[PDB]
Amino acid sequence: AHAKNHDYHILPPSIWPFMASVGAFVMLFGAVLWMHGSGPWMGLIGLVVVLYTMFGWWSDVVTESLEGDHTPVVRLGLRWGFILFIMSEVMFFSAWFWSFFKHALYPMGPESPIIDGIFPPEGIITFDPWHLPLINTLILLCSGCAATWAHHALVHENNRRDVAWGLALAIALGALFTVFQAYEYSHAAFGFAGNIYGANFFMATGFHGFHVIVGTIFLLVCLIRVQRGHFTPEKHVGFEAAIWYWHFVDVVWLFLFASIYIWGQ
């Protein structure tokens, strides 16, 4: 801006947003198609386009930060936005937990609601909380510590080998969660269709497994940035959001773990 007195970030035009909205129209219309006997090709196109848009858009986000556009308030604007994003995330889960706690409390049975049935559902076999469950909660707690440790080092010691070390370690353990989580599905004692327990069980940990993967990918991109030297102790916003996010993922799992595996057995 020719003669400005302010640090906020004003931006050149940008096509990205339109593109990703067509992608998503096509994605979801094709996704409807594919759930109704027709072919996948239209849905994967959508996602291919959306993913293209997402990578540009975020590439340019760093780009712009390297152009020094990320002034003191600009970096605070970003941090705040992102924090509303995790508050939105938290409310999304509130819907998933709300179902699990209601059916777990007032289970449907023939005189419902005068009289409630039984939970867990007749003939459902809940998993053992201390054999695999605890394994995956120790795997996340662990990674959490490992990822925070890369955060601290960078900001507090400015140590950059350490920083990438904690990242790698955290990244690989986030993928392990997924592998172990997949194992659980393999060995499930109930089904997904036909029974509340399966719907709630699976959609609930199902949405949490989504996020882990988004988590683990996010950190991967920090490792990459960190390898090309993209972070300083004063400027390090992707880093702050990843660590905050990772931690949300873990806080959601922990409550799942105590809600669904520990309390509801």
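All residue numbers are counted from 1 along the displayed sequence.
Trainee: Decide which of the stretches 109-117 and 134-142 has the higher mean C-alpha B-factor, going by the entry.
Mentor: That would be 134-142.
Trainee: Look up the CA B-factors in the entry and say which stretch, 197-205 or 32-40, has the higher mean.
Mentor: Averaging CA B-factors over each stretch, the winner is 32-40.
Trainee: From the list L84, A172, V74, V90, select the residue with the highest C-alpha B factor recorded in the entry.
Mentor: If I rank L84, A172, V74, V90 by C-alpha B-factor, first place goes to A172.
Trainee: Going by what the PDB entry lists, where does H70 fall on CA B-factor within its chain: lowest, middle or highest third?
Mentor: Lowest third of the chain for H70's C-alpha B-factor.
Trainee: Would you mind ranking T178 by its C-alpha B-factor against the rest of the chain and naming the third, lowest, middle or highest?
Mentor: Tercile = middle for this residue's CA B-factor.
Trainee: Among the chain's modelled residues, which third holds the C-alpha B-factor of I124?
Mentor: It falls in the middle third of the chain.
Trainee: What third of the chain, by the recorded C-alpha B-factor, contains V226?
Mentor: According to the entry, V226 has a C-alpha B-factor in the chain's highest third.
Trainee: Lowest, middle or highest third of the chain for the C-alpha temperature factor of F190?
Mentor: Answer is middle: the recorded C-alpha B-factor places it there.
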